[PDB]
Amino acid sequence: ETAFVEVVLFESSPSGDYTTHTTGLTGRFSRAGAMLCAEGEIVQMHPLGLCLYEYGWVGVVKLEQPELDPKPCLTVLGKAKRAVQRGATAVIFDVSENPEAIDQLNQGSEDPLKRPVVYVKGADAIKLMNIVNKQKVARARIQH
């Protein structure tokens, strides 16, 4: 159930060789989805944004104040299927502001997503968001 998440920054040279910088951090696979491998360019999405990107992105979604979106178009899990329908290979939720979403995401689900749904919080959520907020271009790799 523990997800290892690596976030990669990269730059190429005149030589055409890449320079990379990697950050590791920890989250949990939701029972909502598959406990599998995923890797792709990060696309930061507002949660309301899930009420076009090239196939295979990893959505990063910071859940809002539950009393900021008291009447949500879809449930957290529905949002994640919506993301996958639109080409996401993985969804990471930052559930810091909305910890209650954990209970909904570790409900087992008959008919669960075929792709991973990871949640982070705490320090790991901060390190993730520090990068995705800074760099326009990053790559996430999810495992374990």
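The first residue of the sequence shown is number 1, and the count goes up from there.
According to the PDB entry, the deposited sequence contains 4 to 9 residues between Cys51 and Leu52 that lack coordinates.
Per the PDB record, of the two stretches 74 to 82 and 106 to 114, 106 to 114 carries the greater mean B-factor over its C-alpha atoms. With 129 to 137 and 5 to 13 compared on mean CA B-factor from the PDB entry, the stretch scoring higher is 129 to 137. When the Cα B-factors of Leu63, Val60, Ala38, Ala32 are read from the PDB record, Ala32 comes out highest. Ranking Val43, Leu68, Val95, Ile92 by Cα temperature factor from the entry places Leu68 first.
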